[PDB]
$ cat model.pdb   # PDB, C-alpha atoms
ATOM      1  CA  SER A   1      -7.375  -7.942  12.263  1.00  0.00           C
ATOM      2  CA  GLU A   2     -11.016  -7.226  11.428  1.00  0.00           C
ATOM      3  CA  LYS A   3     -10.805  -5.115   8.271  1.00  0.00           C
ATOM      4  CA  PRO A   4     -10.312  -6.630   4.790  1.00  0.00           C
ATOM      5  CA  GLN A   5      -6.510  -6.563   4.880  1.00  0.00           C
ATOM      6  CA  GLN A   6      -6.602  -9.160   2.103  1.00  0.00           C
ATOM      7  CA  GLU A   7      -6.619  -6.256  -0.353  1.00  0.00           C
ATOM      8  CA  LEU A   8      -3.625  -4.578   1.289  1.00  0.00           C
ATOM      9  CA  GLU A   9      -1.428  -7.616   0.647  1.00  0.00           C
ATOM     10  CA  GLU A  10      -2.181  -7.124  -3.049  1.00  0.00           C
ATOM     11  CA  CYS A  11      -1.489  -3.386  -3.153  1.00  0.00           C
ATOM     12  CA  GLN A  12       1.829  -3.938  -1.375  1.00  0.00           C
ATOM     13  CA  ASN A  13       2.881  -6.981  -3.400  1.00  0.00           C
ATOM     14  CA  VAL A  14       2.265  -4.881  -6.512  1.00  0.00           C
ATOM     15  CA  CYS A  15       4.344  -1.939  -5.293  1.00  0.00           C
ATOM     16  CA  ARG A  16       7.283  -4.279  -4.694  1.00  0.00           C
ATOM     17  CA  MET A  17       6.812  -5.594  -8.233  1.00  0.00           C
ATOM     18  CA  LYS A  18       7.380  -2.081  -9.577  1.00  0.00           C
ATOM     19  CA  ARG A  19      10.369  -1.312 -11.801  1.00  0.00           C
ATOM     20  CA  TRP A  20      11.180   1.829  -9.815  1.00  0.00           C
ATOM     21  CA  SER A  21      13.895   2.615  -7.269  1.00  0.00           C
ATOM     22  CA  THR A  22      13.591   1.447  -3.662  1.00  0.00           C
ATOM     23  CA  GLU A  23      12.369   4.954  -2.840  1.00  0.00           C
ATOM     24  CA  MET A  24       9.403   4.644  -5.200  1.00  0.00           C
ATOM     25  CA  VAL A  25       8.587   1.185  -3.846  1.00  0.00           C
ATOM     26  CA  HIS A  26       8.781   2.429  -0.258  1.00  0.00           C
ATOM     27  CA  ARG A  27       6.405   5.364  -0.717  1.00  0.00           C
ATOM     28  CA  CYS A  28       3.979   3.190  -2.682  1.00  0.00           C
ATOM     29  CA  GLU A  29       3.751   0.633   0.126  1.00  0.00           C
ATOM     30  CA  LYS A  30       3.427   3.247   2.871  1.00  0.00           C
ATOM     31  CA  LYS A  31       0.747   4.894   0.732  1.00  0.00           C
ATOM     32  CA  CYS A  32      -1.376   1.766   0.311  1.00  0.00           C
ATOM     33  CA  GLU A  33      -1.070   1.319   4.077  1.00  0.00           C
ATOM     34  CA  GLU A  34      -2.367   4.785   4.957  1.00  0.00           C
ATOM     35  CA  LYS A  35      -4.942   4.812   2.157  1.00  0.00           C
ATOM     36  CA  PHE A  36      -6.292   1.605   3.694  1.00  0.00           C
ATOM     37  CA  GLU A  37      -7.169   3.139   7.062  1.00  0.00           C
ATOM     38  CA  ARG A  38     -10.661   4.646   7.083  1.00  0.00           C
ATOM     39  CA  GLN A  39     -11.255   8.354   7.687  1.00  0.00           C
ATOM     40  CA  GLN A  40      -8.292   9.132   5.434  1.00  0.00           C
ATOM     41  CA  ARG A  41     -10.225  12.034   3.917  1.00  0.00           C
TER
END
$ encode --input "model.pdb" --output "structure tokens"
Amino acid sequence: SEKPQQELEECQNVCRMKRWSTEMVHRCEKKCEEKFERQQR
């Protein structure tokens, strides 16, 4: 890749470290993935 995906790995790793149900962990990850892509607003 070209973008600083190094930060994404952190956001994801954190979501998986959450004490919530798989559903909460799933959304979190998918969120950090979409929130990473530019022009998201």
$ residues_around --input "model.pdb" --residues "residue 3 of chain A" --least-positions-apart "6" --cutoff "10 Å" --atoms "only C-alpha atoms" --output "MDAnalysis selection string"
chainID A and resid 36:38
$ write_last_selection --input "model.pdb" --atoms "C-alpha atoms" --output "PDB file, keeping the file's coordinate frame"
ATOM      1  CA  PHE A  36      -6.292   1.605   3.694  1.00  0.00           C
ATOM      2  CA  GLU A  37      -7.169   3.139   7.062  1.00  0.00           C
ATOM      3  CA  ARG A  38     -10.661   4.646   7.083  1.00  0.00           C
TER       4      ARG A  38
END
$ residues_around --input "model.pdb" --residues "segment 25-34 of chain A" --least-positions-apart "6" --cutoff "8 Å" --atoms "only C-alpha atoms" --output "PyMOL selection string"
chain A and resi 8+11-12+15-16+18+40
$ atom_distance --input "model.pdb" --atom1 "atom CA of residue 22 of chain A" --atom2 "atom CA of residue 4 of chain A"
26.6 Å
$ axis_aligned_box --input "model.pdb" --around "segment 24-36 of chain A" --padding-each-side "5 Å" --output "lines of an AutoDock Vina configuration file"
center_x = 1.6
center_y = 3.0
center_z = -0.1
size_x = 25.7
size_y = 14.7
size_z = 20.2
$ decode --input "model.pdb" --residues "segment 3-28 of chain A" --atoms "C-alpha atoms" --output "JSON list (two decimals), in the first residue's frame"
[["chain", "number", "residue", "atom", "x", "y", "z"],
["A", 3, "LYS", "CA", -1.19, 5.14, 2.81],
["A", 4, "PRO", "CA", -0.19, 4.90, 6.49],
["A", 5, "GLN", "CA", -1.92, 1.57, 7.14],
["A", 6, "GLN", "CA", 0.33, 1.22, 10.18],
["A", 7, "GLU", "CA", -2.37, 3.04, 12.15],
["A", 8, "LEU", "CA", -5.12, 0.73, 10.91],
["A", 9, "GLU", "CA", -3.39, -2.32, 12.39],
["A", 10, "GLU", "CA", -3.65, -0.57, 15.76],
["A", 11, "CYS", "CA", -7.31, 0.41, 15.47],
["A", 12, "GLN", "CA", -8.21, -3.15, 14.47],
["A", 13, "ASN", "CA", -6.02, -4.87, 17.07],
["A", 14, "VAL", "CA", -7.76, -2.71, 19.68],
["A", 15, "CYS", "CA", -11.27, -3.59, 18.49],
["A", 16, "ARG", "CA", -10.44, -7.29, 18.81],
["A", 17, "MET", "CA", -9.20, -6.58, 22.34],
["A", 18, "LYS", "CA", -12.65, -5.29, 23.26],
["A", 19, "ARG", "CA", -14.75, -7.06, 25.89],
["A", 20, "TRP", "CA", -17.84, -6.93, 23.68],
["A", 21, "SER", "CA", -19.64, -9.58, 21.63],
["A", 22, "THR", "CA", -18.31, -10.66, 18.24],
["A", 23, "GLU", "CA", -20.88, -8.32, 16.71],
["A", 24, "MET", "CA", -19.39, -5.29, 18.46],
["A", 25, "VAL", "CA", -15.88, -6.34, 17.47],
["A", 26, "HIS", "CA", -16.93, -6.84, 13.85],
["A", 27, "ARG", "CA", -18.54, -3.42, 13.42],
["A", 28, "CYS", "CA", -15.60, -1.74, 15.16]]
